[PDB]
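Just the one chain here, the form solved without its partner chain, laid out as structure tokens.
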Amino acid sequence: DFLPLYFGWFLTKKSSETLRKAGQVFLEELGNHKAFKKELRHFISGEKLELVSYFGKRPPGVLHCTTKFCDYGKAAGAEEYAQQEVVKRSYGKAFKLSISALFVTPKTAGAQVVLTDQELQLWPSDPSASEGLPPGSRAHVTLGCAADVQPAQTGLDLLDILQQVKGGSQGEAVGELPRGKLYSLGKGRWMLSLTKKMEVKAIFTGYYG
């Protein structure tokens, strides 16, 4: 028996619509915000940019939070991850995920997930960007990416942003949005720290493509 393309928590229809819309609104507010317009120079090499279109490659339907990319067993650690009891036991089970913030970079747009310890048991254990950052920090839901961005980039961007946060490089909020504080981290990187964390319902399972 061969494994799925990847495991992860797949959000319900309602939760997907909720998070997707939040993302959409965020991209609109950020693109319309004076602080972002002022930094367009550091966002793209080549006025006003429409972020919703910039992140043109979007998830077509149900949003998800990936745990372990398996590539049908070809990826390193896939077989080992799939055979775990906690993965087999948690298969088809319902979980609540906690979104702590929404972020944007020149490459990707996504939402940061804060996994509970229970959920962390489903996080694989096998990057340099993960130095100092606790396991699971990479957890996220991708909302979009630029034309020529490869998979797995959103997680790498999130870790990079969480790294700057680690060293108190967040910086004073450059603005306020209805959902929370807006932070400019430089190099086209932006983070909205939500005043109230968003809770989404999701089913843990494998996607076979």
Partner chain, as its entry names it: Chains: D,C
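Numbering follows the first chain given and starts at 1.
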Original post:
Which class fits the unmodelled deposited stretch between residue 80 and residue 81: none, 1 to 3, 4 to 9, or 10 or more?
Top reply: none
Original post:
Going by the B-factors listed in the PDB entry, is the mean over the C-alpha atoms higher for 1-9 or for 198-206?
Top reply: 1-9
Original post:
Of 162-170 and 50-58, which one has the bigger average CA B-factor?
Top reply: 162-170
Subject >> Top residue by Cα temperature factor, when 85, 119, 131, 71 are compared in the entry >> reply: 131
Original post:
In this PDB entry, which of 92, 110, 106, 135 has the top CA B-factor?
Top reply: 135
**OP:** Looking at the entry's B-factor column for C-alpha atoms only, identify whether residue 67 ranks in the lowest, middle or highest third of its chain.
**Re:** lowest
**OP:** Can you work out whether the C-alpha temperature factor of residue 30 puts it in the lowest, middle or highest third of the chain?
**Re:** middle
Subject >> Cα B factor band for residue 148 (lowest, middle or highest third within the chain) >> reply: middle
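Just so you know, the form deposited with its partner chain bound exists too; it's not on screen, but the next bit is about it.
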Subject >> Residue contact check: residue 194 to its partner chain in the bound PDB entry, 4.5 Å heavy atom >> reply: yes
Subject >> 4.5 Å heavy atom contact, residue 183 to its partner chain in the bound PDB entry >> reply: yes
Original post:
Using 4.5 Å between non-hydrogen atoms, is residue 133 touching its partner chain in the bound PDB entry?
Top reply: yes
**OP:** Please run the contact check for residue 105 against its partner chain in the bound PDB entry: heavy atoms, 4.5 angstroms, yes or no?
**Re:** no
